[PDB]
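In structure tokens, the next block holds one chain alone, the form deposited in one PDB entry.
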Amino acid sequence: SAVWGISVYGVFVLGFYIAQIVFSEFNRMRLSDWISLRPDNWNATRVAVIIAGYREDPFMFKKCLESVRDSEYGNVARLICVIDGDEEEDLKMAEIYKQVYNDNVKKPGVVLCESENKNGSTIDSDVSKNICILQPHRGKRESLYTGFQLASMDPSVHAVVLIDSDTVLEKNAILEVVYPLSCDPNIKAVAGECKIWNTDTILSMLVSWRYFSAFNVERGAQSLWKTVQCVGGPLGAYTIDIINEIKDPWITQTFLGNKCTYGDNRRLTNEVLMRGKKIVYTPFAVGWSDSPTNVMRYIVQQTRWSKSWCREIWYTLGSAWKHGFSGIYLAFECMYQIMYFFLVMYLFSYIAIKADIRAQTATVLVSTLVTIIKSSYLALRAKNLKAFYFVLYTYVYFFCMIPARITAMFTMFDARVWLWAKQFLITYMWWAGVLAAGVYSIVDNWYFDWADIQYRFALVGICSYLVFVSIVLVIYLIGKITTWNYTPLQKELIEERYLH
């Protein structure tokens, strides 16, 4: 029974990963073929830039604004900056904007979404000058609606590019997200790659490679059939036509009986999907963002993401039929993502309850080999030798993602003690259960029989695995001491911060 479980788990992971790699390679070939026909000095689509921020550090906000100003695209109608401020602290962010751009910071009294006239002309008067707006704190969706209205004011605008207050773009991060929109008439949304620059801590180092794998592999295969599930927060381009149609059933979102205050990018992509439109992902557009360093904050972020995932999965399954044959792969991916967590949980429970050293060692070695292959592919693709650190990510997935996913279902399906134990008690219980299972397996199997071949195999395998993880951690420590793990962007940003 254990052999069946291990073999089925290994195949069910590796075969699907290989298929995703093949589909992503085909998508990359198609994108390169499309790009090869682009004439030199191409500027046809008129784009509007929308940035939404809320209490961002002045240094990163200034860097983001300057990088946006550094774009090589020559057809930009207007820059729109929306701030959830109007108290006092965000006046400093407005001052940073005034340092980077013109002195045009409007102070509307009410949000456009709640206004009786959802028109941009109410608060805006010029369509050619960059505008910064301070609005009452209502969330990111409400601020994005104002940006959409302001971009829809101009009848010559053909597309919008959405950037976060922290994302730092490259010199050609706008030209690459707006070309696929003009390649196929059925494409109405383009997704851009997101990278992590503050790869100093171990957790950030693992999260960077997780992002790389979930962008290059997970979304390229989806974009081969032009059915990208999530466009993405840091970078993303949309057509004004589809936005003028989907922006109405997007601010009044309801799930069971309450408004939604999380996501704001996955549902927007899903609404495009339900209308039969096509969405692509370009790997040639790069946007740099940061990742949380503390483990608890990362767990909170993961559970917040899973909260929206557990609804939009059914929402996308209810509309996958409209696309046609393309969508069978989408439903298969949805079922794979649903069943993978259950398979992992069941396998862990089965190998923990039955304290057998052979099965545990075989599972550990099989998982190590699978993650080694996965990290090797990423190292080959990214030309970076640090991608092998991804072999450690399994630990995170067993200590920061599974409890977060469990909490995301146990709290959504339904003083300070309730505010703190509502998001961390399940994680503590999971850690205690894992530790108790380990102690039980060690105590139950407490013997040394070197005359048995299988005991030798189990002990040698576990020792080799410990040596492998130890040398990986030692390499990480040596790299951190030598500052070899620092990204070039982080190396420049540290010097800029020192100079300030």
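Each form is matched to the other, and the largest set of C-alpha atoms that superpose within 1.5 Å is called the rigid core. The first residue of the sequence shown is number 1, and the count goes up from there.
In what follows, reference is made to the form deposited in another entry, a form of this protein that is not presented.
Once the core is superposed between the shown form and the other one, every option in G263, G220, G236, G287 stays below 2 Å in C-alpha shift except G263. Once the cores line up, the CA of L175 ends up less than 2 angstroms apart between the shown form and the other one. For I328, the Cα coordinates differ by 2 angstroms or more between the shown form and the other one after the core has been superposed. Core-superposed comparison between the shown form and the other one: the Cα of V13 travels 2 Å or more. One change in the other form concerns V391 and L14, whose Cα atoms lie at least 3 Å farther apart than in this form.
Relative to this form, in the other form the C-alpha atoms of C260 and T227 separate from one another by 3 angstroms or more.
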